[PDB]
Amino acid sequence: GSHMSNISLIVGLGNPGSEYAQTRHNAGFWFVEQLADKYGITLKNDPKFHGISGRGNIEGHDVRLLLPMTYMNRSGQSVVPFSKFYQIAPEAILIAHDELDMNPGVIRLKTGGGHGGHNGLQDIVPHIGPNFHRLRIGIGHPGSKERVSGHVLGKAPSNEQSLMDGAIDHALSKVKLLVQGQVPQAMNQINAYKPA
């Protein structure tokens, strides 16, 4: 099982399918896929947990990676049984996801709190409670209350994608702190990020 606030499960939220891969709502998938490549962690089919998953060493720590393949609003149908099977407490889980309330190129590490309208997080907090960590990857907001679907299922313009990709690359360099349980320092150094 997990140990204290050393992060040992990193989840990335998104939808399956090439048609959603480049959309804002898959920001969490981008981060976990990039982290997997960085550390040479294989993401392999995991039918038992309705996902794609991997396990590997990050900076001397055994860490599991999970991409639910449930569709975003059913993400809990992968995250919850996976974390239960492996006896991973919420305190040791990092969930990376798109954040409408932050600009592209803003990234913040948060512990606790609600789903903030995110339909993936909405499917997870009722089960495991809120005390997991979140890598909130700004995607910016749409022009109103009803363009939300269209915005999260859109592919960002290149300037915004460049800002998100630089923020995501920064965060990758801070995962060493998270897997070592240095959450306060990783929150300091992630939240300080600026694009330019």
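Quick note: we count residues from 1 along the sequence shown, nothing fancier.
Check the entry's C-alpha temperature factors for 91-99 and 107-115, then say which stretch has the higher mean.
So the stretch with the higher mean C-alpha B-factor is 107-115.
Decide which of the stretches 179-187 and 5-13 has the higher mean C-alpha B-factor, going by the entry.
Higher mean C-alpha B-factor in the PDB entry: 179-187.
Using only the C-alpha B-factors in the record, can you name which of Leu66, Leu163, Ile137, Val148 has the highest?
In this record, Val148 carries the highest C-alpha B-factor of the candidates.
I'd like to know which of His133, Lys38, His61, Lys48 has the highest C-alpha temperature factor in the PDB entry.
Reading the PDB entry, the winner on C-alpha B-factor is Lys48.
Using the B-factors in the PDB entry, rank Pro157's C-alpha atom against the chain and give the third, lowest, middle or highest.
For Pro157, the deposited C-alpha B-factor lands in the middle third.
Quick one: classify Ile128 as lowest, middle or highest third of the chain based on its Cα B-factor.
Within its chain, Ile128 is a highest-third residue by C-alpha B-factor, going by the deposited values.
Taking the values exactly as deposited, rank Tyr71 by C-alpha B-factor within its chain and report the matching third: lowest, middle or highest.
According to the entry, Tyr71 has a C-alpha B-factor in the chain's middle third.
Looking at the temperature factor on the CA atom of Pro142, which third of the chain's modelled residues does it land in?
Highest third.
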